[PDB]
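Residue-level listing of the chains:
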Amino acid sequence: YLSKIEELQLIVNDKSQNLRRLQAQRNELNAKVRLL
Amino acid sequence: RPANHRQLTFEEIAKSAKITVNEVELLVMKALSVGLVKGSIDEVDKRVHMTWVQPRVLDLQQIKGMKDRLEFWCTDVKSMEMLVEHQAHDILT
Amino acid sequence: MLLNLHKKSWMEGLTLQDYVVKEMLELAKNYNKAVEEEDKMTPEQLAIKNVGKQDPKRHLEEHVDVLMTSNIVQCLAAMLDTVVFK
Amino acid sequence: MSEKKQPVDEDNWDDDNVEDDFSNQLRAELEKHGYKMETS
Amino acid sequence: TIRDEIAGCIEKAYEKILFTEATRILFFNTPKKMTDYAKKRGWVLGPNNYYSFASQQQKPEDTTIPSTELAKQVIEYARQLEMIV
Amino acid sequence: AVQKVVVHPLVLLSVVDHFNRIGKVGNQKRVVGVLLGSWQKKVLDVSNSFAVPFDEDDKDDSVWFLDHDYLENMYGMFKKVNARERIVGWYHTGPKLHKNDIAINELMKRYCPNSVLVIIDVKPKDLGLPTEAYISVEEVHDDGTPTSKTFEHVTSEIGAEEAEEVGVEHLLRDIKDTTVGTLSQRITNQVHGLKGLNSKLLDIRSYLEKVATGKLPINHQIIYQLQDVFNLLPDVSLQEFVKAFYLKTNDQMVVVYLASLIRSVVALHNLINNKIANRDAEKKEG
Amino acid sequence: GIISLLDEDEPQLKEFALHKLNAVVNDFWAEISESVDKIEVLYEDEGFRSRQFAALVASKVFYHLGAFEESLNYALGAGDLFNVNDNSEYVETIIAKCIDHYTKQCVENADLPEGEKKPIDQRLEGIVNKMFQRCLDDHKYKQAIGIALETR
Amino acid sequence: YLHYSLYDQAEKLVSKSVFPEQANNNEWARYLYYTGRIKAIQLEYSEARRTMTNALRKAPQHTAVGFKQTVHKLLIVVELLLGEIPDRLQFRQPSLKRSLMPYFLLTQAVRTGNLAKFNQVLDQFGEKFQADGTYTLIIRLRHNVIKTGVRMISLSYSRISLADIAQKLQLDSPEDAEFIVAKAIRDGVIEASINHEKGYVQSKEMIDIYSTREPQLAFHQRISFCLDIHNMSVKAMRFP
Amino acid sequence: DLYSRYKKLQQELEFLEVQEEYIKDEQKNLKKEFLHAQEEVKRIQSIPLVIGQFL
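Residues numbered from 1 in each chain as written, not as in the entry; some residues may be left out. Chains lettered and ligands numbered in written order. Part of a larger assembly, values for the part shown. Heavy atoms only, no water.

Per the deposition metadata, cryo-EM was the technique used to determine this entry, at a resolution of 4.2 Å.

Have a look at this one:
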């Protein structure tokens, strides 16, 4: 019963996703700074 | 003399100079007034202090000084420049 | 080759000839006091109340990068003795 | 707030440093000190 | 396990006798027991000096060569600045 | 006379374009040309140059051909369109000097007394510095020959001019001026350290090759005389700055106290703004 | 306080000692934690007749710590008690990570496909096909296809 | 376990998974309190003062019933064990006063050296602290006396004499005084060479803390802590 | 589906961790772009400016 709960452990992975999304937002900030 | 002794005695002056113990002050102050060396001598203990000087060749065709100082310095600052690179490895990023 | 001879000529220092190290730090500690007190006097008057007013005048105080890059220069140029020497 | 062990368990008070310094040391503060100069 | 710090400060062939401190080893004025102990495995300090004329600690007193390794600390400090920006 | 110059890379492309003229048709494989110079000050200035149709043979290595209509009346047309520009010297490729150099020196001196030629490279992937400058004087020798016109070197440098990079720096786009602190000085570090001590490895290597089989630098005794100028610091077996022991201590003193104090204040800058701005814009949930 | 008993080289009190080991093994975790060397003494012995259960009390102390290659070594030198004992979290966590070692071993076995691969204990795969007999008797198509392609 | 089992600090030593998350900081605070009681009973003091001052200053707590106070009293029992402690006026809440009715007279005994006060505070005022465990200071309250005295005299005097520092405090003899000079060093204290003929001691003050290399030996680590806080700023940005 | 779901969560993870790196690089790029914006626009300096009035 190793191959059940590793899937759950793959949400530590998903912490990189939030940081990814938010630095994508950070780039989106500078996008209209540079457009200005 | 193989430096790292530049502040030194006076008896080698009074021995090689064929001068006495007393007449080394005339010696050093007149030799500073000549203009081949410009270091202000520590006069309280007759201790020499020197500057720029004029050379008469090193070891027989400058082997030893050239190797053990010049190439030693070459690999010194070269390899520690590689160490600068080694710690500065990805600080260029 | 003009890229080479632009950041080799048109930016100063032909790279043998950069490695001002100290008198720039005398002037830079003049900087890092004079810039500092003005970085102090202003954000006392930030929105220390509970107002919902929305009209800023923009001056963007911060003064960080001058300190940062100038003192990286100061530390790695104070390195020059132990770097170029041995 | 029960932190699981601990529930089981300037009037005259800044001067206390000076006073605990001066408990058995110069307990009169002057009545020898004004009389020191004629001891010697 | 009674100790030897006075032998590590002032002893090693001469202090005439260190008898009047009740240290167990430092009794027995001169048999080969304390002569063996005054010459035991050398002279507990080690290099460059005896306690016939004491070092008063150990004689380290090296240099400021560690100005260069604090300069190394400066190098990786600037690296950590770059990692911080 | 000629000491340092001001040279703009229009001459450089004026080398490379005649290199495009004679490269694909390569038969004598060399770009040798004439350096027009707006001689203003003791510092020299160039804004124009042209490449002569030219050959140079190997046997007796003194056969060479200008084009004196292309040399005289082209220069006259140039003087009409720009009288400020006049002759100052010439240029060539093939950085190995040779025997015909002194012959074109003989002819370049009659046009301008303090003339200067330019050794170039067609592909500098160098340290680097750009192309070369000489000075032709007569020092004859300690030998007693008829006049020795041996090429003495002018330290070359580069200047600048308004509006001459407008499209080129636009095309490169890789321009990065303000980044000194990570890269722009470590390049110089790598460069002067490695590239100066390997030129010094050529010094010890070449001059120990002179020890073995070579000149063994007698009668130019300025070689080891100037290695004495290197030998201001002898560094004998304890590396001998134990008199700079306390001096280096007092040098570490100032900047490291600047480091401690100032970077603590830099923290006091960073942290407060970061925490306040983040806590505001984070707790505003909508 | 059992290294005092480990002074003895006769195993005829070491059976009583190992019965003490799995009795107060939850209390004396730092007892074995430096005694791993004497565990290797009784392990590498060819006359100590409990080197497998010495590898099991080694599995206890490196279950308190959680080491991987130690559990590989206990797959090696625990043998029968590594195989038949499988109804516990104490054993299924360490053999779960040993099945993880097996699936990266299968990664290795799919890295280079022509001979010359890394060596494989027959017991680290013995527990694979032994747990797979549970997958065959469980008969679920997950149980078939999963472990059938975990091995690649 | 400090009530009833005692093997397990060494099992913590192999069990010290550090857990640097410390999210509540309250559990971690009292965790430092328990292990500071341990290092007090492991007789580790110079570590205990900094880690237990840390454990106090990481308590944001309120409710002055005597939670922070009663935990803080046995916290600075390690400062009673240092040999040095200031006056405890900067530490008292008067709700703790009913419990510290031994403790103030005890720190009076610490600042003084009275054996009458020593034993009297022991027998009379040794109640309510055996429930916490206090009797390891009664063995070395004399050491506290001699270190307080030698601290005062040592920073007071460049040179002292031996057979008068044998009568500064309640000492015994010049052989006891040479004894207690060596035991006054005991770790690497300020220079005290005995004038080894008859001049009792030729001690002097030590120097070179001026501003030269020792502070800039430590400022790399000071700004190492500061760059750790810059990592805290980076994670402040990373919190969203 | 515990062989294929656990297959593809890894896949979409490694996808998004690649895709983070693009925007990390663009955030490295655009600060330089904004500095080039700053100085190469603020070369609007005194080309020989004329004196006038503001109304």
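A. Focus on the overall build of chain I. Counting its regular elements, chain I contains one helix and zero strands. Relative to the 2.2 N^0.38 estimate, which gives 10 Å for 55 residues, the radius of gyration of chain I is 25 Å and therefore markedly larger than a compact globule would have. Seen along its three principal axes, the alpha-carbon backbone of chain I occupies a region of about 80 × 25 × 5 Å. Residues classed as buried in chain I amount to 13% of the 55 residues present. Here chain I has roughly 5,100 Å² of accessible surface; of this, 59% comes from carbon and sulfur atoms. Positive and negative side-chain charges of chain I, numbering 9 and 11 respectively, have mean locations separated by a distance of 3 Å. (Helix = DSSP H or I, 4+ residues; strand = E, 2+ residues; numbered from the N terminus. Rg over C-alpha atoms; globule rule 2.2 N^0.38 Å. Buried < 20%, exposed > 50% of the residue type's maximum accessible area, 1.4 Å probe, protein only. Areas by Shrake-Rupley, 256 points an atom, 1.4 Å probe, with all protein chains shown as cover. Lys, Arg positive; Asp, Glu negative; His and termini not counted. Charge placed at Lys NZ, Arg CZ, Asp CG, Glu CD.)

B. Structural context of the interface of chain C and chain F. Contacts between the two partners involve 35 residues from chain C, matched on the other side by 43 residues from chain F. Buried area between chain C and chain F, both sides added, is near 3,600 Å², and the carbon and sulfur share of it is 69%. When the buried area of chain C at its contact with chain F is split by residue, C:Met1, C:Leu2 and C:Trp10 rank highest and sum to 18% of it. The interface formed by chain C and chain F holds zero salt bridges in total. (Contact = heavy atoms within 4.5 Å. Buried area = accessible area lost by both parts, 1.4 Å probe. Salt bridge = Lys/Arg side-chain N within 4 Å of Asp/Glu carboxyl O.)

C. Local environment of unusual backbone geometry. The linkage connecting F:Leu127 with the following residue, F:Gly128, adopts the cis geometry, with an omega of 10°. On the secondary structure map, F:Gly128 appears in the loop between strand 3 (116–119) and strand 4 (133–136). Positive phi values are uncommon outside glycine, yet E:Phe28 reaches one of about 60°. Along the polypeptide, E:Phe28 turns up in the segment before helix 1 (32–38). The phi torsion at F:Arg173 lies on the positive side, around 70°, for a residue other than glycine.

D. Molecular detail of the environment of H:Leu82. In this fold, H:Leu82 is placed in the loop between helix 5 (77–80) and helix 6 (97–100). Beyond its immediate stretch of four places on either side in the chain, H:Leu82 contacts H:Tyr45, H:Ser46, H:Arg49 and H:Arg151.

E. The pairing of strand 4 of chain F, seen in detail. Residues and elements named next belong to chain F. Covered by surrounding structure in strand 4 are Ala 133 and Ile 135 together with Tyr 134 and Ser 136, the residues of both alternating faces. In terms of strand pairing, strand 4 meets strand 5 (residues 151–154) through four bridges, oriented antiparallel. Across the sheet, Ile 135 pairs through a bridge with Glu 152, a residue of strand 5. (Pairing = 2+ DSSP bridges.)

F. Expanded view of the state of the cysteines. Throughout the structure, instances matching the rule amount to zero disulfides over all chains. The closest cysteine sulfur to the non-disulfide-bonded H:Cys226 is located on C:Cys75, 15 Å from its own sulfur. Judged by its relative accessible area of 12%, H:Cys226 falls in the buried class. (Disulfide = S-S within 2.5 Å.)

G. The interface of chain E and chain H, seen in detail. Contacts between chain E and chain H engage 12 residues on the former and 12 residues on the latter. Taken together, the two surfaces of chain E and chain H that pack against each other cover about 1,100 Å², and 68% of this comes from carbon and sulfur. Across the contact surface, chain E and chain H share zero salt bridges. Across the chain E-chain H interface, the total number found is one residue pair in polar contact. A per-class count over the side of chain E that touches chain H returns five nonpolar, six polar and one charged. (Polar contact = N/O pair within 3.5 Å; in protein donor to acceptor, adjacent residues only side chain to side chain. Nonpolar A, V, L, I, M, F, W, Y, C, P; charged D, E, K, R; others polar.)

H. Representation of the packing of helix 7 (residues 103–111) of chain H against helix 8 (residues 115–125) of chain H in the model. All names here are of chain H. It is the contact of helix 7 with helix 8, at a shortest axis distance of 9 Å, that shows an interaxial angle of 160°. Classified by the angle their axes make, helix 7 and helix 8 are roughly antiparallel. Between helix 7 and helix 8 the crossing geometry is left-handed. Of helix 8, the residues touching helix 7 (which contributes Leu 105, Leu 106 and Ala 109) are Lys 117, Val 121 and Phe 125. Classifying every residue of the contact of helix 7 with helix 8 by side-chain character gives five nonpolar, no polar and one charged. (Axes fitted to C-alpha atoms, helices over the stretch in contact; angles between N-to-C directions. Parallel < 35°, antiparallel > 145°, perpendicular 65-115°, else oblique. Left-handed = near helix turned anticlockwise from the far one by under 90°.)

I. Spotlight on the UniProt feature "domain: MPN" in chain F. The positions UniProt marks with the feature "domain: MPN" are residues 5–140 of chain F. In residues 5–140 of chain F, helix accounts for 28% and strand for 15%; the two terminal C-alpha atoms are 26 Å from one another. (UniProt positions renumbered as here; feature names shortened; annotations may be inferred.)

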